[PDB]
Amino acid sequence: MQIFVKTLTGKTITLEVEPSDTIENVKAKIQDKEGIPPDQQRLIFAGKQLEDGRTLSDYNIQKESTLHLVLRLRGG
């Protein structure tokens, strides 16, 4: 399925994912696409920062959903 991953600064990308993908797996796809290290990524859905070892299905993330990506880097 496709999801959208959007920053709060208005940048949107699409990703191909499966319900059984972990949030960590999604971070790995974002790193492949955009170069951002997983430790610098925080993914958000339903107002909550998502736990890395849980899956998209665990969070009831549906096709065409938007996840938000927040960056985390010391001094930024």
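Between two forms, the rigid core is defined as the largest C-alpha subset superposing within 1.5 Å. In case it trips you up, residue 1 is the first one in the sequence shown, and so on.
Using the rigid core for superposition, please say which stretch has the greater CA deviation in 6 other deposited structures of this protein, 5-13 or 20-28. Higher root mean square deviation of C-alphas in 6 other deposited structures of this protein is shown by 5-13.
Test of understanding: from the entry's C-alpha B-factors, which stretch has the higher mean, 41-49 or 26-34? The recorded data point to 26-34.
Among the modelled residues of its chain, does the C-alpha B-factor of residue 61 lie in the lowest, middle or highest third? Highest third - that is where residue 61 ends up once the chain's C-alpha B-factors are sorted.
Classify residue 8 as lowest, middle or highest third according to the C-alpha B-factor given in the PDB entry, relative to its own chain. Residue 8: CA B-factor falls in the middle third of its chain.
Name the third of the chain's ranked CA B-factors that contains residue 69, choosing lowest, middle or highest. Its C-alpha B-factor belongs to the lowest third of this chain's values.
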